[PDB]
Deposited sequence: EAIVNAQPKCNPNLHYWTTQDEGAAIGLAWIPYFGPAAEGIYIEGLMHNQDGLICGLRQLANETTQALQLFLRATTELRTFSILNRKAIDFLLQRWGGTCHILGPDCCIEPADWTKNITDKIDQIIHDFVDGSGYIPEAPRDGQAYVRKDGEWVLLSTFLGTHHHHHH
């Protein structure tokens, strides 16, 4: 379904920080590198396609399922949410037999079609004696 922001306000700009930083010399060595306060890069995203106000509503609506997931897990949890999403993605497409030209099989025989029906003109065209 779509995302309907129902919050009292929306800050349309996302001034964000992350740690997804080529290192400069020996800065990668923990002994010489930055302190914990200096490992962050910053960025600024605007509300193009309404993605920021949609993101704020998405995080708000994620909470119930997230809290119910955390209640059901023990704090000795041994799996990551995003890795399990990646595994479930692959299991949805490839967890069973892929029936070609089916709705649940992500196999396009496009070039394989115009490689057979293209090369029929090697047996029907060469029918001379």
- Query: Which ranges of the deposited chain go unmodelled, in order along the sequence?
  - Reply: 22-23, 132-168
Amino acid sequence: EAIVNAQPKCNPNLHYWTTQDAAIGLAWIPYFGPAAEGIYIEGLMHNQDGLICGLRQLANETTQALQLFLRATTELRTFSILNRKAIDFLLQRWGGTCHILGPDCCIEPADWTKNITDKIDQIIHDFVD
From here on, numbers count along this sequence of modelled residues.
- Comparing 35-43 with 87-95, the higher average Cα temperature factor in the PDB entry belongs to 35-43
- Query: With respect to the recorded C-alpha B factors, which stretch has the higher mean value, 119-127 or 1-9?
  - Reply: 119-127
- Query: Should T62 be placed in the lowest, middle or highest third of its chain by the C-alpha B factor in the entry?
  - Reply: lowest
- Query: Once the chain's modelled residues are ordered by C-alpha B factor and cut into thirds, is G50 in the lowest, middle or highest one?
  - Reply: lowest
- Query: Can you tell me which third, lowest, middle or highest, the CA B-factor of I29 falls into for its chain?
  - Reply: middle
- Can you work out whether the C-alpha temperature factor of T18 puts it in the lowest, middle or highest third of the chain? lowest
